[PDB]
């Protein structure tokens, strides 16, 4: 299991590493939001060393193969255990890309987004 699910604290970068770490901590027990945050981190162009660490740590040959597996888990999360109720009219591809983009824009511009109001919409408890 190349994913098999954490904490890096490894030569990390500026504010952005702290903002990501705090987001991961609050939604650590949420598995859909965790992958969404990870996917935004991997897609984040301003986290190259953290991404390369995760690609190596998870035994993946490259970033694109890691990003592909995360998107895959994301779609299988949205395959109606619960959030088909929350999916509704929207397709899973735009919702994923909507959530990831909102996180990256929050990491880049934290003063401009209430990412908690966006993320806890997908909390089941």
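Residue numbers count along the first chain shown, from 1.
Quiz prompt | Length class of the unmodelled deposited segment, which would lie between residue 121 and residue 122 | solution = In the deposited sequence, nothing is left without coordinates between these two.
Quiz prompt | Segment of higher mean CA temperature factor, 7-15 or 113-121 | solution = Higher mean C-alpha B-factor in the PDB entry: 7-15.
Quiz item: Should the higher mean CA B-factor in the entry be assigned to 84-92 or to 71-79?
Solution: The stretch with the larger mean CA B-factor is 84-92.
Quiz item: Which has the highest CA B-factor per the PDB entry: 46, 63, 31, 26?
Solution: Within the set 46, 63, 31, 26, 31 shows the top C-alpha B-factor.
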